Colleague: 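Please find one structure pasted underneath; my questions will follow.
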Amino acid sequence: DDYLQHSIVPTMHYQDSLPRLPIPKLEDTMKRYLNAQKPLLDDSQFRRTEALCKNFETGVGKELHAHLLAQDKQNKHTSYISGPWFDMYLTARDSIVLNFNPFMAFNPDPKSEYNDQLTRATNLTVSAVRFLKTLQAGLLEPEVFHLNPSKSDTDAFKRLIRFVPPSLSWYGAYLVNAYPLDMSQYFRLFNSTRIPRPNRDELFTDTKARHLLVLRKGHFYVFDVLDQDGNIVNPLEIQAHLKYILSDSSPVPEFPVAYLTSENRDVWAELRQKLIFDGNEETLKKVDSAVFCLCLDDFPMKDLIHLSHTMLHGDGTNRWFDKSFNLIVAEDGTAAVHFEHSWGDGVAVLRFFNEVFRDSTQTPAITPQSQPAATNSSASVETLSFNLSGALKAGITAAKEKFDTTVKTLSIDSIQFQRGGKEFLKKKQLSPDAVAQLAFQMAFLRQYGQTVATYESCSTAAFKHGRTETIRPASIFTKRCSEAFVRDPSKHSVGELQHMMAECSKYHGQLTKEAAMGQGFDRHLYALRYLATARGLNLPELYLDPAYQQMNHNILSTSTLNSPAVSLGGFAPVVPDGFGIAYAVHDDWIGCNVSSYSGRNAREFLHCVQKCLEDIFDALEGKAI
Ligand SMILES: COc1ccc(Cl)cc1S(=O)(=O)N1CCc2c(C)cc(C(=O)Nc3ccc(C(=O)O)c(Cl)c3)cc21
Ligand SMILES: CCCCCCCCO[C@@H]1O[C@H](CO)[C@@H](O)[C@H](O)[C@H]1O
């Protein structure tokens, strides 16, 4: 059948009974905010912030909190942060390229020849539509985080829970320490796009569409991957259409339209309207409503730097940046999912990503020896054409100048630390994630002699319409431990550094659990600011404090997702003087892919990260520094 999975439990079985996302006590948000400020502020900056905090907590903040709670109680079908968070993305006017869109790259097919570009593009594409079909059929297994997989993640639990009504099913999984996740974001994974509009962008979906959008040398192509009966088009026919696309010898267009999706959001909103005015609505509707966008690049990868540049931004001609995701397949079979961040988070993309990798490689639709179906692809496949006015052409030239000039200033480099990873760190009773994060704090002290605002993403998908919460890994413990390692290695014994590292780790683990439970401060303070603004009130003095603005000017912006499917990921910094740190602790090694603009140096930082991990592992091994 066309299904990559056959769950006896309906995909959506838990969604009705997911726990509502908790609003913290204002007193706890304030304390947690000040705790994260302690490592960042001089003493008089801190007392200034502490005083604004007390004024907020007793006054306008107390009142905002009261309304947020009452508003939440009116809207128990959703989460307090859902609207504000969507609005955060969609009102933002900056280019989504680099500011927002990340990538995750697949490991190769472990069968060498299956990495042929036509073979791999057909196989990945077909596994992606199989995902779509399985989700549509409610045959995708529900997302569940298990505390005791061996006992709750079992045929036997599944045969029982399927009988509990969705109004109560969450409770059953909870009672066996299993934690179902929100899956509402999968409504926008496919047939979906972000549409630029003034003020606030729009999220568009068209479930009725059956066609694929392919980009090659910046030419646009569509063909059906689902027939009129709802079945997947024969893979050997999909393979012929892809072969046919791969045979076009048209050079890159003089005005590649995809550039426009990299623009400032107001500029692009305006130019899109001109496109409609000049009669391109039908063409745009076909781009917008496609299952996803397949990008076919005609070069192989030179190295991981080249790979990261390619999957993160490319040359601007060959990604439709607005689309829910772009599935990229290069000339050497190197593939990745580049995605737009407003509609959903890493956790939902990861599931899709893991299922497609598994299916495409273990149950491939075609083989590298498959013969394409005899079929007339000039009938099946339409090459789209945009009617470009003089203003549209000038618009595209300007998009291209901005793209090229901004991209030139981006550097990305990586390290593979091979002394150890999870296995050694767990043996030492330390959280591996805390160790990675301490290394980044420590490397930055070494490189710049400062402690800076640090961001780590954490899913709150365990709750109804939960998104992410911010983990703030820069603490008084990472700061004191960094100072000990960098500023006076002499002063401390291996025992003391070991104990210091253990305190970082205990604090990190605490913030982690709190963030996953919705008990960080960032989302809560953001929702109060949002509410004040939406009510038409002046922005409260708390948010005008430079220490607040500084907390949200994230110089160290970090993220990790891990799975056997992912080789590496990448994203740009959020601020011009920042780093964008994609990392993973594996069983045996630690990988970081770091980005920076001109105002920082990724290469030196990785040298400092490398050095810091070696000192960390020595101290843990019993040696001096
Ligand atoms: C053994 O580790 C894992 C096991 C299974 C999985 Cl699915 C993921 C991981 S992990 O590598 O991704 N993991 C390590 C510790 C950790 C922490 C502290 C946070 C997160 C996390 O929530 N990541 C994350 C990062 C970014 C986003 C996003 O939307 O951008 C989202 Cl939803 C989530 C993952 C992980
Ligand atoms: C190792 C895998 C790394 C890729 C992670 C996929 C999700 C990345 O999401 C990224 O998170 C950052 C906040 O931490 C933001 O600054 C970026 O704009 C965003 O793309």
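Just so you know, residue 1 is the first one in the sequence shown, and it goes up from there. Side chains included, hydrogens not; waters and symmetry mates left out as well; all remaining heavy atoms used.
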Colleague: Do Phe106 and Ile328 have side chains that approach each other closer than 4.5 Å (heavy atoms only, starting at C-beta)?
Modeller: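 Counting from C-beta outward, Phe106 and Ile328 never come under 4.5 Å.
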
Colleague: Are the side chains of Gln71 and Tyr80 in touch, meaning some heavy atoms are under 4.5 Å apart?
Modeller: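 No, every pair of side-chain atoms sits at 4.5 Å or beyond.
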
Colleague: If you compare all heavy atoms of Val329 against all heavy atoms of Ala335, which two are closest, and at what distance to 0.1 Å?
Modeller: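 Scanning both residues, the minimum pair turns out to be CG2-CB, 4.0 Å.
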
Colleague: Decide yes or no on salt bridge (charged side-chain N to carboxylate O under 4.0 Å, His left out) for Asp332 and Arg120, but give the supporting numbers first.
Modeller: CA-CA 9 Å; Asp332 55 5; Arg120 216 177 177 200; over 6 Å; no

Colleague: Between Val381 and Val214, is any pair of side-chain heavy atoms under 4.5 Å apart?
Modeller: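 Of all side-chain heavy-atom pairs linking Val214 with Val381, none is under 4.5 Å.
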
Colleague: For the pair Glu141 (side chain) and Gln5 (backbone), establish whether a donor and an acceptor sit closer than 3.5 Å, ignoring hydrogens and angles.
Modeller: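 Such a contact is absent between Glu141 side chain and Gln5 backbone.
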
Colleague: Using side-chain heavy atoms (C-beta onward) and a distance below 4.5 Å, is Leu392 in contact with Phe255?
Modeller: no

Colleague: When the aromatic ring centroids of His524 and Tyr526 are compared, is their separation below 6.0 Å?
Modeller: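 Distance test on ring centres: not under 6.0 Å, no.
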
Colleague: With side chain to side chain contact (heavy atoms under 4.5 Å, CB included) as the criterion, how do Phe292 and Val337 come out once you've worked through the C-alpha distance, each side chain's angles and the decisive distance to 0.1 Å?
Modeller: CA-CA 10 Å; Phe292 47 92; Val337 169; over 6 Å; no

Colleague: Ignoring hydrogens and geometry, is there a side-chain-to-backbone donor-acceptor pair from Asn115 to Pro108 under 3.5 Å?
Modeller: no

Colleague: Can you tell if the side chain of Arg467 reaches within under 4.5 Å of the side chain of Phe86, non-hydrogen atoms only?
Modeller: yes

Colleague: Testing the 3.5 Å rule here: is there a donor-acceptor pair between the side chains of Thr468 and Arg523?
Modeller: yes

Colleague: Taking the side chain as everything from C-beta on, heavy atoms only, tell me whether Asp206 gets closer than 4.5 Å to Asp288.
Modeller: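 The answer is no; the side chains never approach within 4.5 Å.
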
Colleague: Ring centroid separation for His338 and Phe321, is it under 6.0 angstrom?
Modeller: yes

Colleague: Any donor and acceptor pair, going by atom type alone, linking the side chain of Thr470 with main-chain N or O of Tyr455 inside 3.5 Å?
Modeller: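 Absent.
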
Colleague: Tell me if a side-chain donor or acceptor on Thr193 pairs with a main-chain N or O of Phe204 at a distance below 3.5 Å.
Modeller: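 Side chain of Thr193 to backbone of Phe204, a donor-acceptor pair under 3.5 Å: no, none is there.
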
Colleague: What's the spacing between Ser192 OG and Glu340 CD if we round to 0.5 Å?
Modeller: 10.5 Å

Colleague: With heavy-atom distances below 4.5 Å as the criterion, would you say the side chains of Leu64 and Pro540 are in contact?
Modeller: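 The answer is yes; the side chains approach within 4.5 Å.
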
Colleague: So that I know where these two stand, are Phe190 and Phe352 an aromatic pair - ring centroids less than 6.0 Å apart?
Modeller: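 That pair passes the under 6.0 Å test.
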
Colleague: Between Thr397 (side chain only) and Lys393 (backbone N and O only), is there a donor and an acceptor less than 3.5 Å apart?
Modeller: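 Yes; at least one donor-acceptor contact below 3.5 Å.
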
Colleague: Is the backbone of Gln15 close enough, under 3.5 Å, to the side chain of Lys464 for a donor and an acceptor to pair up by distance?
Modeller: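 Yes, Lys464 side chain to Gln15 backbone: donor-acceptor pair under 3.5 Å.
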
Colleague: Ignoring hydrogens and geometry, is there a side-chain-to-backbone donor-acceptor pair from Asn264 to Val267 under 3.5 Å?
Modeller: yes

Colleague: Test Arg265 against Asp201 for salt bridge (charged side-chain N to carboxylate O under 4.0 Å, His left out), laying out the working first.
Modeller: CA-CA 8 Å; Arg265 303 307 289 188; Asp201 289 7; 2.7 Å; yes

Colleague: Is any side-chain heavy atom of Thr283 less than 4.5 Å from a side-chain heavy atom of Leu275?
Modeller: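 Heavy-atom side-chain distance check fails, nothing below 4.5 Å.
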
Colleague: Please check: side-chain N/O of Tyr530 versus main-chain N/O of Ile81, any donor-acceptor pairing under 3.5 Å?
Modeller: no

Colleague: Can you measure from CZ (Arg216) to CD1 (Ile245) and round to the nearest 0.5 angstrom?
Modeller: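 If I round to the nearest 0.5 Å, the distance is 9.0 Å.
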
Colleague: Report the residue from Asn101, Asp297, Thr310 that forms a side chain to side chain donor-acceptor pair (under 3.5 Å) with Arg319.
Modeller: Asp297

